[PDB]
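Read off the chains here:
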Amino acid sequence: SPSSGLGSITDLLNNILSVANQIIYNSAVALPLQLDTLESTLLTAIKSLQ
Amino acid sequence: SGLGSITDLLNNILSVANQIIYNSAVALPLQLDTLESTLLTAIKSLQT
Amino acid sequence: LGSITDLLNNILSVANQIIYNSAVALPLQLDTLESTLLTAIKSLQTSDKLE
Amino acid sequence: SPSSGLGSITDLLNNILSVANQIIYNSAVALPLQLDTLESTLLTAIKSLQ
């Protein structure tokens, strides 16, 4: 209903898209980076044994 | 169910999306830290 | 109802599944990874006391 | 594009759907694959002292 209905719906959809964009950053960049760092830390501690 | 209920759906989706931010940016990273620490101690108990 | 209502219902549905994956399935895999590794390390100690 | 197509709204819903899907793949498949690859690497590093 002019023009706010389009505007209010458009604004929520815009919020949701920015959050999902952040979630895809967390899952495809941040966490994979955290797991790589964790692997090598532990991998180093284990090789530190022999 | 006019514009209002669609606005409820949107709020429900936004709220759930927020929970997913918590899980992925807070809970999982913290779980990984706790795990890293537990294994680090155990490996270290082999050393000394 | 309806096209937008249908799309939104789908999105929500995928979202609830993402909540399960990230709050239940992944933490379970992390716990099991921890358990499995601790067990490898530990059974190794138990293998020290002999030979 | 004709107004009947809804314009702003329709593209947003498609993007959010596309992203949600990629998030599903990352949490259900990619991260699990990386976790398994991690566990093997560490186990193999342990297997190599034994």
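Above this text sits the structure in question.
Residues numbered from 1 in each chain as written, not as in the entry; some residues may be left out. Chains lettered and ligands numbered in written order. Heavy atoms only, no water.

Draft legend 1. Inspection of the interface of chain D and chain A at higher detail. Residue-level contacts link 19 residues of chain D with 24 residues of chain A. Scanning the region where chain D abuts chain A turns up zero salt bridges. Inspection of the region where chain D meets chain A yields three residue pairs in polar contact. The residue inventory of the side of chain D that touches chain A, partitioned by class, reads 13 nonpolar, six polar and no charged. (Contact = heavy atoms within 4.5 Å. Salt bridge = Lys/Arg side-chain N within 4 Å of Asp/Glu carboxyl O. Polar contact = N/O pair within 3.5 Å; in protein donor to acceptor, adjacent residues only side chain to side chain. Nonpolar A, V, L, I, M, F, W, Y, C, P; charged D, E, K, R; others polar.)

Draft legend 2. Here's a closer look at the interface of chain A and chain B. Counting residues at the interface gives 21 residues for chain A, matched by 23 residues for chain B. Here chain A and chain B share an interface that buries about 1,900 Å² over both sides, 81% of which is from carbon and sulfur atoms. Viewed at the interface, chain B and chain A are joined by zero salt bridges. (Buried area = accessible area lost by both parts, 1.4 Å probe.)

Draft legend 3. Inspection of the relation of the copies chain D and chain A at higher detail. Superposing chain D onto chain A requires a rotation of 94° together with a translation of 0.2 Å along the rotation axis, leaving an RMSD of 2.3 Å. Both copies of the chain, as the preceding transformation shows, are related through a four-fold rotation axis. Residue D:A20 of chain D places its C-alpha closer to the rotation axis than any other residue of that unit, at 3.9 Å. (Least-squares fit on C-alpha atoms.)

Draft legend 4. Expanded view of unusual backbone geometry. Backbone torsion omega between A:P2 and A:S3 reads -15°, so that peptide bond is classified as cis. The linkage connecting C:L1 with the following residue, C:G2, adopts the cis geometry, with an omega of -5°. Following the sequence through the fold, C:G2 ends up in the segment before helix 1 (3-46). Non-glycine residue C:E51 carries a positive phi angle of around 70°. Inspection of the secondary structure assignment puts C:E51 in the segment after helix 1. The phi angle at D:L6 is positive, at roughly 70°, despite the residue not being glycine. Structurally, D:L6 is set in the segment before helix 1 (8-47). For D:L6, a relative accessible area of 43% gives the class partly exposed. (Helix = DSSP H or I, 4+ residues; strand = E, 2+ residues; numbered from the N terminus. Buried < 20%, exposed > 50% of the residue type's maximum accessible area, 1.4 Å probe, protein only.)

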